[PDB]
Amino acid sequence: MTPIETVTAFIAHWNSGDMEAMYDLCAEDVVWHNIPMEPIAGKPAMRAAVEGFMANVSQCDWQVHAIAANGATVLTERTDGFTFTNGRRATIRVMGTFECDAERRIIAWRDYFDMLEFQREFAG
């Protein structure tokens, strides 16, 4: 699987809610770093963080506007949409850098966005 195909599939798994397929595309030592926050180091810690972030989320609808790769690094421009438990929807504009390991799994995922845009929507 090429890096672009891997990241494309990763996003599709978020969108379908196939969380295990999502994790399976990641290295065991994946670092998930939402840039304004502390990095999350390793798949076990990623599972716990995802559980927290998804607690009040019923569905994801993440749209890739642009994607480009340079070797093992894949860059994205996205709008990440969510539907919350009560049916409210929100979107956050984000760019992400993904790095793939020697096994072509995601070993780093760094997302860049405005913390205020995030806090507005994930408050309450």
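Residue numbers run from 1 along the displayed sequence.
The mean Cα B-factor in the deposited entry runs higher for 16 to 24 than for the other of 16 to 24 and 107 to 115.
Higher mean CA temperature factor, per the PDB entry, when comparing 47 to 55 with 68 to 76: 47 to 55. Residue-level temperature factors show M1 in the highest third of its chain, judged at the C-alpha atom.
In the deposited entry, the Cα temperature factor of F82 sits in the middle third of values across the chain's modelled residues.
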